[PDB]
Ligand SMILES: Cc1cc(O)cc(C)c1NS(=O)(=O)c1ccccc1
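Just the one chain here, the form solved without the named molecule, laid out as structure tokens.
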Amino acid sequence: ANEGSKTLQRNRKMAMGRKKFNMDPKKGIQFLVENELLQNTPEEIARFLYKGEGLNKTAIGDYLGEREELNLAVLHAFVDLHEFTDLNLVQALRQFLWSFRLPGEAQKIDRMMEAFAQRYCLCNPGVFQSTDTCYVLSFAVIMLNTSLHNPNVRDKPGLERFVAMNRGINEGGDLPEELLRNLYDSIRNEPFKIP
């Protein structure tokens, strides 16, 4: 056909695919793939969602939380797009929790946080020797953020309470108190921005 026309038609179909995605993620991806606007590979779908241009963060999280094989592969590729080397756990969490909004269903959140924990540990080999320590401490940080910054939680845990709540999780030992302190202060001073 002709180049200018084809480009303009493609750009509007792309805009349509975004709206479709935002109503129903699987249908949006289907429209873009069938119209040759997106390659149907786990990494190309993950880059598309990571860019997130005109996409609702809730719908990104909904797609990433589906149980079928391709969605799990896209989730793993999406987490691999995040660079976490030399970031502390809070810095890495701020970045991750901004790229999409977590689904409500506990089983979907579990898959997503497990994938995060694996990426953080692979990127920072010295920090946590167990992915279970990273997973548990990630939820501790998320809950601390709610406790310190939600006015409905009366009596916010102090640093000593936060240290004592996490004893025993570092392969039977404790995490360095300087690590716990730095995470606590980072959260006290700057709440997570949730999309």
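In this text, the rigid core denotes the largest set of C-alpha atoms whose superposition between the two forms falls within 1.5 Å. Don't overthink the numbering: it's just position in the shown sequence, from 1. Residues that one form lacks are left out of the comparison.
Stretches compared: 155 to 163, 131 to 139. Higher mean C-alpha B-factor in the entry: 155 to 163.
Averaged over Cα atoms, the B-factor as recorded in the entry is higher for 173 to 181 than for the other of 173 to 181 and 16 to 24. Across the options 71, 118, 124, 95, the residue with the most elevated CA B-factor in the record is 124. Remark: of 41, 30, 56, 150, 150 shows the highest value [criterion: C-alpha B-factor in the PDB entry]. Sort the modelled residues of the chain by CA B factor and residue 87 lands in the middle third. When the modelled residues of the chain are ordered by C-alpha B-factor, residue 110 sits in the middle third.
What comes next is about the form deposited with the named molecule bound, which does not appear here.
Stretch-level contact analysis of 137 to 145, 47 to 55, 29 to 37, 122 to 130 against the named molecule in the deposited bound form, using heavy atoms and a 4.5 Å limit, identifies 137 to 145. Taking 115, 97, 77, 87 one by one, only a single residue has any non-hydrogen atom within 4.5 Å of the named molecule in the deposited bound form, and it is 97. Remark: residue 109 counts among the residues lining the named molecule in the deposited bound form, judged by a heavy atom distance of 4.5 Å or less. Residue 102 belongs to the set of residues with a heavy atom inside 4.5 Å of the named molecule in the deposited bound form. Heavy atoms closer than or equal to 4.5 Å to the named molecule in the deposited bound form belong, across 28 to 43, to no residue whatsoever.
Legend: core-fitted overlay between the shown form and the other one; highlighted is 102 to 104, the single run of at least 3 consecutive residues with CA shifts of 2 angstroms or more.
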